[PDB]
Structures are given as structure tokens and as C-alpha cells.
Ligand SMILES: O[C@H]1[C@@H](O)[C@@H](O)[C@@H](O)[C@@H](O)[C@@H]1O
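Take a look at this single chain, the form deposited without the ligand, given in C-alpha cells.
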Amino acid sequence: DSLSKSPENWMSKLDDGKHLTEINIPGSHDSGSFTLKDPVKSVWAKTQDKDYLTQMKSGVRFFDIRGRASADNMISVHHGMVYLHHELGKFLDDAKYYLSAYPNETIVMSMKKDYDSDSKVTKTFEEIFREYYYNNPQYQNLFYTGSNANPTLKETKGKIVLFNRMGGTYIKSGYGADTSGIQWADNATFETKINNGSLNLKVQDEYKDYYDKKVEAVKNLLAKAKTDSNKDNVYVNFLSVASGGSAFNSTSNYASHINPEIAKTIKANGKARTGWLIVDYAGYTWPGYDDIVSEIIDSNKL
């Protein structure tokens, strides 16, 4: 039966000789915003309703963590200026928990600075992360620490792989884990080499697109992956967009239309390569419509 019928451990059912890049992974955009309760603020800043554990249980393996240095030793999880009511340790503890219960899954954790540090901070966001999280004895053995620029599932399962969106780092393990980091173009479909030129990263992140243009842009990169069997190529495809302060298309409205449209498209493509697709309201179902998380998972040929 479909891998999507057991999302708690779908990576356990793959050949762990595969590079993560070759694996079709569902991700959650601004994963940590499930904590938002304010109705007005939630229209444009709430991107998820399931907590980290439930997201994982629903089969999400790519986590989009954007944050802000709150103290010289603390990173708070943020959607821009909006604080999401927890620090990075919360997500790390939930991941460590889940990975222990499901030891043949891997988690790719993206890390980005979304907002200006607290006036008391004397450190860079990167330095705080490297020193107080990555190299923290508390999170010993949690992170992938190997030196493969293109790690395999075997090499990473049970661990969190860093997807570096912090700029240059002195961390030496994970995606964009060098002094160059990842050159990220603003509101664009783009292509850049990462990990000392080892990998070719292809990103659709047009987060300001109006609906029709967004679907076109997701589908464009979706099509390219389909006929791309190169393991040194990695695809990250965001289905999410910014809502804005006022209007009729609450992130939930947008998601309720694009998610099924892409899910339906993936399903028709059969077991073809999709890349890593990052969505709002991962695991959220609308009766009568295909589930994007489920179809991303099922698209993997075993």
C-alpha cells in the first residue's frame, strides 16, 4: 500500500542509498507558526495549523525555520517581525524526540534570519546558531556532522541536516555549509551552485506572486525536476506566498487552491521526480481534493 498511508515513517521504506536530493520531500513553510492565535495577525502570518510533532507524524521532513537572535544565546522562531512564541530549542527537542521514535527518517532543517537581533545581542545570528545550537553539547549527535556534500539517507537518518540560509558559515556539514553559504535571489526562480560547487540548487521562491503566476512558477520547476535524474541537482519549490496586510486571500485560501492543483498534477505524473516542495498548511485536508503532502510522498518510487 501507498507510502502516504504511513507518513510517520515513509523514509524508512526507501532505499537509504539514495541521496536526499533525489528524494521527493514535503516541507512546511514557516513551520513554527502553528502557535498563532490572534485572528487578525493570523491572516498573513499564520502558515500552519499542526504542531511540529504532528507535522512530522503527517510526513513533513523539511522544516523551514526562520528566526531572530533574542539573546546572545537564544534564537526565537519568527515570521518576519512576528514572534512565534518559542525558541529554536523547542523545535530541536521535538525533532530529537521524533527521530528517536522514528530512527530511519531524516529531517532537513532550513535556518534563516528573518528579523533584526535584539539590541542586547553582541553576536551574529550565525555565531549564535553555530555556538549555542549546532555545537551545543545538549544537541550532541542530533545534527548531521559528516563531510559528504551530497549526503545519503543512510548517512543522515536519525539526524537533522542543516539547510543553511544564514549566509556564510563556519559550520562544515550540510547544504550550503561553507563560507559562501547560499546565494538566494529575492522573489525569484533561480539557480546557484552550493557546497563548493558540489551541488546545483534550483529554487522557485516567488513569494509575492499573484495566484495564476504562482501556479505557473511552481509547475515550471515541477516539470524540470520530472526529467532531471541528476543527483547533484537539488530542487526546492515553494508553493507558499505572502498574503499581505489586507485582502481576500488568507494564506489558508491560497493554500486551499494551489495545494490540490499541484497534488493533482503530481499524481498524474506518476512516480516522477518532484524535488523538495514546501507548503503552507501541510497536512490540511479539504474534502474532495488531493492532498499535496500525500502525493509528494507517494511520488517516490520505492
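Note that residue numbering follows the sequence shown and begins at 1.
Same protein, other form: the form deposited with the ligand bound, not shown, and the subject of what follows.
Peer 1: Using a 4.5 Å heavy atom cut-off, indicate which stretch of 171-179, 204-212, 125-133, 68-76 touches the ligand in the entry with it bound.
Peer 2: Among the candidates, contact is made by 204-212.
Peer 1: Taking the ligand as it sits in the entry with it bound, is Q55 in contact with it (heavy atom to heavy atom, 4.5 Å or less)?
Peer 2: Outside the cut-off, so no.
Peer 1: I'd like to know whether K224 contacts the ligand in the entry with it bound, with contact meaning heavy atoms within 4.5 angstroms.
Peer 2: No, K224 stays farther than 4.5 Å from the ligand in the entry with it bound.
Peer 1: Though only this chain appears here, would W184 touch the ligand in the entry with it bound if you measure heavy atom gaps against 4.5 Å?
Peer 2: Although the ligand is absent here, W184 would touch it in the entry with it bound, with heavy atoms inside 4.5 Å.
Peer 1: Taking the ligand as it sits in the entry with it bound, is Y235 near enough to touch it, meaning that at least one heavy atom pair lies within 4.5 angstroms?
Peer 2: So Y235 does not count as contacting the ligand.
Peer 1: I need to confirm a contact call. Of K90, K219, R165, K96, which residue comes within 4.5 Å of the ligand in the entry with it bound, counting heavy atoms only?
Peer 2: Here the answer is residue option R165.
Peer 1: Tell me whether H29, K112 and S240, taken together, all sit within 4.5 Å of the ligand in the entry with it bound, counting heavy atoms only.
Peer 2: Spot residues vs the ligand: full contact, yes.
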